[PDB]
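Student: I'd like to ask some things about the structure below.
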Amino acid sequence: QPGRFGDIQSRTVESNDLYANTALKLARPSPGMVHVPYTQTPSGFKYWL
Amino acid sequence: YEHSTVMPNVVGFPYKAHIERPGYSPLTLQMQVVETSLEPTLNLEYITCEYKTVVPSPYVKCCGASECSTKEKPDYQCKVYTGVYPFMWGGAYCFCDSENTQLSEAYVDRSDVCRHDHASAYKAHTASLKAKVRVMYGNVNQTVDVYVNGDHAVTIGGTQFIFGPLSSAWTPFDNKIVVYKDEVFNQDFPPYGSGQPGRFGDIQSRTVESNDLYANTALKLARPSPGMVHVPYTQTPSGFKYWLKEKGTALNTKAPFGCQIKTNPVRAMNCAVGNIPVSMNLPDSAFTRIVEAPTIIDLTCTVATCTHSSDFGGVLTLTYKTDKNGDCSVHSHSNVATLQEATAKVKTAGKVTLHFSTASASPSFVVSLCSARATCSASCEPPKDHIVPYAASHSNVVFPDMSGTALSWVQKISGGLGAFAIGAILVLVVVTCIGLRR
Amino acid sequence: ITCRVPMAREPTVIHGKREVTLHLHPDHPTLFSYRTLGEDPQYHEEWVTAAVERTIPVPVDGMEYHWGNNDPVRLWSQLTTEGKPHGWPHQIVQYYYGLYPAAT
Ligand SMILES: *[C@@H]1O[C@H](CO)[C@@H](O[C@@H]2O[C@H](CO)[C@@H](O)[C@H](O)[C@H]2NC(C)=O)[C@H](O)[C@H]1NC(C)=O
Ligand SMILES: *[C@@H]1O[C@H](CO)[C@@H](O)[C@H](O)[C@H]1NC(C)=O
């Protein structure tokens with residue numbers, strides 16, 4: 001679950017598959033600007049730490 | 001034709017109004033309320049803002065004496081001190097060692113900026129209501145703004161509508177309110193001319209352009225320290241900033257009934273309370289003759305699915321026998337269930353489908369299609385989703401019909417017990433009568 | 001003049017029986033407030049500094065919460081419970097008690 005322990009997991013340290021759930025929602029850029037906005041829940045690993 | 005009915009004062013709740021007169025096809029009216037605003041009448045009492053203290057340069061007299069006279073100025077405070085020895089960078093100031101007098105004075109005046117930043121005090125009276133209503137029927141679909149007081153009348157498609165007056169006279173503002181920027185506070189404030197220092201109302205003014213001012217800030221002067229030139233003074237801080245620091249909880253986050261508070265002008269919007277009575281006068285051009293409208297015979301009703309939820313969680317099927325295809329008006333004659341569509345299309349096949357919303361476990365209601373009527377009873381199950389983001393689209397009714405399973409069980413139990421009791425009464429009466437015969 | 005301010009992160013919502021649980025992850029001290037749309041509202045407001053969890057009651061009338069600088073968000077609760085409303089009498093009474101305890 002996002003925001004808690006284990007938001008991203010890998011089967012091993014050298015695996016190529018990854019499962020992530022952080023609610024990466026986008027948003028419309030402000031008029032007359034060049035940028036990409038996004039809202040994302042902070043890393044849950046730091047929260048657990 | 002004249003008609004009158006009552007609608008619930010809930011924003012976004014559809015209302016179906018059924019009008020029937022002999023010799024004409026029944027009509028259904030769709031009425032909705034998009035926004036409602038309640039505004040009271042105010043009488044300005046005073047305004048308050050931050051102040052400033054004017055302390056002009058002190059007067060020093062060498063080998064002499066001075067006396068000051070009072071002046072008409074807010075909180076004017078004057079004093080004269082003797083035996084002073086002013087000093088500056090060049091050296092001494094006067095010959096006389098102990099014959100110098102210092103005259104000091106200070107006063108208070110409103111801030112040069114507080115025209116832009118000020119807080120107003122108001123007294124609230126009876127409040128008037130205005131609303132915006134959307135009306136749909138036939139090929140007419142229009143939104144108009146009305147006064148909900150029983151006087152204003154509007155015309156739509158040759159039809160006269162009159163709204164109000166509101167059933168319950170309820171207002172969120174108390175007698176005395178305080179307005180600042182975009183927030184209102186339901187708090188008591190001191191009357192004019194009786195302000196206290198350090199709290200709200202340290203300085204006062206009748207209006208923003210007033211040339212008069214009443215201030216009470218405890219301006220106290222003191223004797224200057226020896227060998228210096230300055231005017232010391234101690235004074236309680238401005239009460240306006242103190243009030244700004246711990247004003248409390250604004251009405252915007254405390255008003256009941258979930259209606260929003262706005263300023264300029266002060267008003268409350270979407271205050272869901274009470275019901276609105278509406279009266280209407282219709283012309284003869286909005287109806288249709290019986291000859292043109294289709295004829296429906298042998299109408300019966302069966303329910304397909306029922307799940308009492310916020311949305312239209314119920315579907316049923318209607319069977320009929322007609323003579324020609326066309327359009328009819330469908331209505332629900334009971335408050336227990338609400339229909340979604342008001343006009344339906346009927347063809348030679350004889351099958352139509354309708355969607356409805358309900359709250360009771362076992363609803364029972366009469367459904368009318370054109371000139372025909374039928375009865376519907378259903379069995380429903382509760383939903384599983386806990387929290388949903390749309391408001392309820394049904395009137396809260398919970399008491400089930402007498403034909404429901406639980407009521408059937410209690411009826412059967414009571415009937416058995418009553419029959420047993422009647423049997424006991426009959427047995428005792430027969431026994432005592434037989435005993436009295438001898 | 002016109003003065004620019006950021007929008008707070010969207011909270012995390014977990015549903016429940018007449019209750020919601022909000023996980024809040026602020027980046028600055030932010031004002032969080034909530035109220036109920038009933039006759040007597042249980043208004044509340046506070047300052048949030050660190051990541052926290054909160055429980056908010058949602059009656060059948062409705063709840064409105066304000067977080068950061070986003071628009072207020074409104075929620076409603078349906079009539080949900082356990083037990084069959086068309087079965088044996090004890091199931092009937094248990095379901096109705098789930099709806100309203102005191103009356104039943
Ligand atoms: C110049 O200084 C002398 C002080 O030497 C001042 O004389 C004083 O005048 C006051 C006012 O009448 C008297 O009360 C004092 O007794 C005087 N002092 C002496 C020592 O006589 C004089 O007034 C000053 N002149 C000006 C123009 O400032
Ligand atoms: C009535 O008009 C409004 C305004 O254009 C529109 O949003 C609404 O969908 C219309 N209703 C119908 C039933 O067409």
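Residues in the structure tokens are numbered from 1 in each chain, the chains being A, B, ... in the order shown, and ligands are numbered from 1 in the order shown.
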Taking only C-alpha atoms and all ligand atoms into account, which residues have an atom no farther than 9 Å from ligand 1? I'd like them as a ChimeraX atom specification.
Tutor: /B:62-64,94-96,99
Student: Which of chain A end up as strand (DSSP E) when DSSP is run on this backbone - answer as a PyMOL selection string?
Tutor: chain A and resi 8-9+19-20+25-26+38-39
Student: What do you get as a VMD selection string if you pick all residues at most 12 Å from ligand 2, counting only C-alpha atoms and all ligand atoms?
Tutor: chain B and resid 29 to 32 34 133 to 144 340 to 343
Student: Give me the residues within 7 Å of segment 32-36 of chain C as a list in words, counting only C-alpha atoms and dropping any in the same chain fewer than 6 places off.
Tutor: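 Contacts, in chain order: residues 253 of chain B; 42, 43, 44, 45, 46, 47, 48, 62, 63, 64, 65, 66, 67 and 68 of chain C.
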Student: Keeping only C-alpha atoms, take the residues you just selected and write them out as an mmCIF file, in the first residue's frame.
Tutor:
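Full text of result.cif as output:
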```cif
data_model
loop_
_atom_site.group_PDB
_atom_site.id
_atom_site.type_symbol
_atom_site.label_atom_id
_atom_site.label_comp_id
_atom_site.auth_asym_id
_atom_site.auth_seq_id
_atom_site.Cartn_x
_atom_site.Cartn_y
_atom_site.Cartn_z
ATOM 1 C CA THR B 253 -16.172 25.938 9.554
ATOM 2 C CA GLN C 42 -18.996 18.217 15.343
ATOM 3 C CA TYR C 43 -16.644 20.803 13.897
ATOM 4 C CA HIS C 44 -12.905 20.370 14.322
ATOM 5 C CA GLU C 45 -9.722 21.975 13.017
ATOM 6 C CA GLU C 46 -6.023 21.595 13.754
ATOM 7 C CA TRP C 47 -2.477 22.100 12.485
ATOM 8 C CA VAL C 48 -0.641 19.063 11.089
ATOM 9 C CA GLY C 62 -22.806 13.800 5.389
ATOM 10 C CA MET C 63 -19.277 14.977 6.158
ATOM 11 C CA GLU C 64 -17.112 17.710 4.632
ATOM 12 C CA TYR C 65 -13.354 18.012 5.079
ATOM 13 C CA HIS C 66 -10.863 20.707 4.080
ATOM 14 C CA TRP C 67 -7.188 19.793 3.697
ATOM 15 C CA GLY C 68 -4.464 22.203 2.658
#
```
Student: Using only C-alpha atoms, which of the listed residues (C:2, C:78, C:30, C:12) sits closest to residue 2 of chain A?
Tutor: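 Distance minimum relative to residue 2 of chain A lands on C:12.
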Student: Do you have, as a Markdown table, the list of residues of segment 1-42 of chain C lying at most 7 Å from segment 254-278 of chain B, each with its nearest atom pair and that distance in Å to one decimal, counting only C-alpha atoms and ordered by chain then number?
Tutor:
```
| residue | atom | partner | partner_atom | distance |
| --- | --- | --- | --- | --- |
| C:37 | CA | B:258 | CA | 4.3 |
| C:38 | CA | B:257 | CA | 5.4 |
| C:39 | CA | B:256 | CA | 6.0 |
| C:40 | CA | B:256 | CA | 6.5 |
| C:41 | CA | B:256 | CA | 5.9 |
```
Student: Selection from above, C-alpha atoms, as a JSON list (two decimals), in the first residue's frame, can you write it?
Tutor:
```
[["chain", "number", "residue", "atom", "x", "y", "z"],
["C", 37, "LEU", "CA", -23.76, 18.53, 7.74],
["C", 38, "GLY", "CA", -26.28, 17.64, 10.47],
["C", 39, "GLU", "CA", -28.31, 19.65, 12.95],
["C", 40, "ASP", "CA", -25.53, 19.71, 15.58],
["C", 41, "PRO", "CA", -22.14, 19.69, 13.82]]
```
Student: Would you mind writing down, as a list in words, each residue of chain C that DSSP on the backbone assigns to helix (DSSP H, G or I)?
Tutor: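 Reading the DSSP output for chain C, helix (DSSP H, G or I) covers residues 89, 90, 91, 92, 93, 94, 95, 96, 97, 98 and 99 of chain C.
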Student: Show me, as a list in words, the residues that have an atom within 7 Å of residue 128 of chain B when counting only C-alpha atoms, minus same-chain residues fewer than 3 positions from it.
Tutor: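 Listing them by chain and then by number gives residues 38, 39 and 40 of chain B.
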Student: Residues of chain B were defined as contacting chain C if any atom lay at most 7 Å from it, counting only C-alpha atoms; please report them as a PDB file with N, CA and C atoms, in the first residue's frame.
Tutor:
```pdb
ATOM      1  N   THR B 253     -16.472  27.316   9.189  1.00  0.00           N
ATOM      2  CA  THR B 253     -16.172  25.938   9.554  1.00  0.00           C
ATOM      3  C   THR B 253     -17.038  25.443  10.708  1.00  0.00           C
ATOM      4  N   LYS B 254     -18.084  26.187  11.061  1.00  0.00           N
ATOM      5  CA  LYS B 254     -18.956  25.816  12.165  1.00  0.00           C
ATOM      6  C   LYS B 254     -20.437  25.923  11.840  1.00  0.00           C
ATOM      7  N   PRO B 256     -24.105  25.203  10.782  1.00  0.00           N
ATOM      8  CA  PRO B 256     -24.820  23.932  10.657  1.00  0.00           C
ATOM      9  C   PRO B 256     -25.458  23.805   9.279  1.00  0.00           C
ATOM     10  N   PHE B 257     -26.036  22.631   9.034  1.00  0.00           N
ATOM     11  CA  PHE B 257     -26.747  22.288   7.805  1.00  0.00           C
ATOM     12  C   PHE B 257     -25.849  22.294   6.575  1.00  0.00           C
ATOM     13  N   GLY B 258     -24.537  22.417   6.757  1.00  0.00           N
ATOM     14  CA  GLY B 258     -23.612  22.296   5.647  1.00  0.00           C
ATOM     15  C   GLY B 258     -23.745  23.356   4.581  1.00  0.00           C
ATOM     16  N   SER B 309     -30.315   1.954  -2.333  1.00  0.00           N
ATOM     17  CA  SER B 309     -29.036   2.640  -2.268  1.00  0.00           C
ATOM     18  C   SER B 309     -29.249   4.113  -2.591  1.00  0.00           C
ATOM     19  N   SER B 310     -28.159   4.880  -2.540  1.00  0.00           N
ATOM     20  CA  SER B 310     -28.247   6.307  -2.828  1.00  0.00           C
ATOM     21  C   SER B 310     -28.651   6.556  -4.276  1.00  0.00           C
ATOM     22  N   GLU B 381     -32.724  -5.733  -0.911  1.00  0.00           N
ATOM     23  CA  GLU B 381     -31.590  -6.128  -0.094  1.00  0.00           C
ATOM     24  C   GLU B 381     -30.637  -4.952   0.094  1.00  0.00           C
ATOM     25  N   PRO B 382     -29.939  -4.888   1.224  1.00  0.00           N
ATOM     26  CA  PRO B 382     -29.047  -3.755   1.488  1.00  0.00           C
ATOM     27  C   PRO B 382     -27.823  -3.798   0.594  1.00  0.00           C
ATOM     28  N   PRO B 383     -27.176  -2.662   0.369  1.00  0.00           N
ATOM     29  CA  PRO B 383     -25.959  -2.631  -0.444  1.00  0.00           C
ATOM     30  C   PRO B 383     -24.737  -2.981   0.401  1.00  0.00           C
ATOM     31  N   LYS B 384     -23.578  -3.012  -0.259  1.00  0.00           N
ATOM     32  CA  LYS B 384     -22.330  -3.391   0.389  1.00  0.00           C
ATOM     33  C   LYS B 384     -21.302  -2.275   0.456  1.00  0.00           C
ATOM     34  N   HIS B 386     -19.686   1.143   1.434  1.00  0.00           N
ATOM     35  CA  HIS B 386     -19.913   1.851   2.689  1.00  0.00           C
ATOM     36  C   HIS B 386     -20.043   3.353   2.471  1.00  0.00           C
ATOM     37  N   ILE B 387     -19.078   3.959   1.782  1.00  0.00           N
ATOM     38  CA  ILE B 387     -19.021   5.406   1.607  1.00  0.00           C
ATOM     39  C   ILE B 387     -19.038   5.721   0.119  1.00  0.00           C
ATOM     40  N   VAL B 388     -19.909   6.645  -0.281  1.00  0.00           N
ATOM     41  CA  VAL B 388     -20.049   7.046  -1.679  1.00  0.00           C
ATOM     42  C   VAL B 388     -19.947   8.565  -1.779  1.00  0.00           C
ATOM     43  N   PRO B 389     -19.551   9.116  -2.926  1.00  0.00           N
ATOM     44  CA  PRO B 389     -19.321  10.562  -3.024  1.00  0.00           C
ATOM     45  C   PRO B 389     -20.487  11.395  -3.536  1.00  0.00           C
ATOM     46  N   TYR B 390     -21.655  10.815  -3.794  1.00  0.00           N
ATOM     47  CA  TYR B 390     -22.805  11.590  -4.236  1.00  0.00           C
ATOM     48  C   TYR B 390     -23.879  11.608  -3.156  1.00  0.00           C
ATOM     49  N   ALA B 391     -24.656  12.686  -3.140  1.00  0.00           N
ATOM     50  CA  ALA B 391     -25.707  12.845  -2.149  1.00  0.00           C
ATOM     51  C   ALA B 391     -26.861  11.888  -2.425  1.00  0.00           C
ATOM     52  N   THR B 405     -42.202  -9.068   4.961  1.00  0.00           N
ATOM     53  CA  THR B 405     -42.007 -10.355   5.622  1.00  0.00           C
ATOM     54  C   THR B 405     -42.016 -10.214   7.140  1.00  0.00           C
ATOM     55  N   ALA B 406     -41.304  -9.217   7.670  1.00  0.00           N
ATOM     56  CA  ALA B 406     -41.274  -9.027   9.118  1.00  0.00           C
ATOM     57  C   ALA B 406     -42.648  -8.647   9.652  1.00  0.00           C
TER      58      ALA B 406
END
```
